[PDB]
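The chain below stands alone and is given as structure tokens, in the form deposited in one PDB entry.
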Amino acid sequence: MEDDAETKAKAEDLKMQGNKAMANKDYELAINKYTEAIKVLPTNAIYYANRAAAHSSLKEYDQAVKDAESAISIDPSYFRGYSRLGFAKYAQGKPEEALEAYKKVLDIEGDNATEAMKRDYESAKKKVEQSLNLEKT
């Protein structure tokens, strides 16, 4: 990748800067770094999945959903976009949408699904049940 050697190095540098910010709970800075990384190289779903996580840590779930949906569109075989979508939907009180997203994680990963991925799916399913049970007039 000679033509985009500078572009890719810069996008990955920005990504790493955003990841350090995320580790330090500087979610505002992480978001700005991931946003610049996407501008430099907009074909990498990881940057959108990372930005979705930062938005969710700030309880900015509408923006997290948008970024997760972008990650899914850019790489539909990448499970993490669906995990980020499911977390944001779950936190928004949309557990049926979260369940579908976490189920897709399990379908993608198949027999390679981790116990944490299974727990995510089961948590969403439980929240569907809880939400129904809590209905009042």
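The term rigid core refers to the most C-alpha atoms you can superpose between the two forms while keeping them within 1.5 Å. Start at 1 with the first residue shown and count on from there.
Quick note: we don't show the form deposited with a partner chain bound, though the next part is all about it.
- For the candidate spot formed by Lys10, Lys33 and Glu60, no residue has a non-hydrogen atom within 4.5 angstroms of the partner chain in the deposited bound form.
- Contact between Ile46 and the partner chain in the deposited bound form is found at the 4.5 Å heavy atom cutoff.
- Not displayed here, the partner chain is approached by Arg80 to within 4.5 Å at the level of heavy atoms in the deposited bound form.
- Heavy atoms of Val65 never reach within 4.5 Å of the partner chain in the deposited bound form, leaving it off the interface.
- Residue contact with the partner chain in the deposited bound form: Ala53 places a heavy atom within 4.5 Å of it.
- Once both forms are fitted on their rigid core, the CA atom of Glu122 lies less than 2 Å apart between this form and the one not shown.
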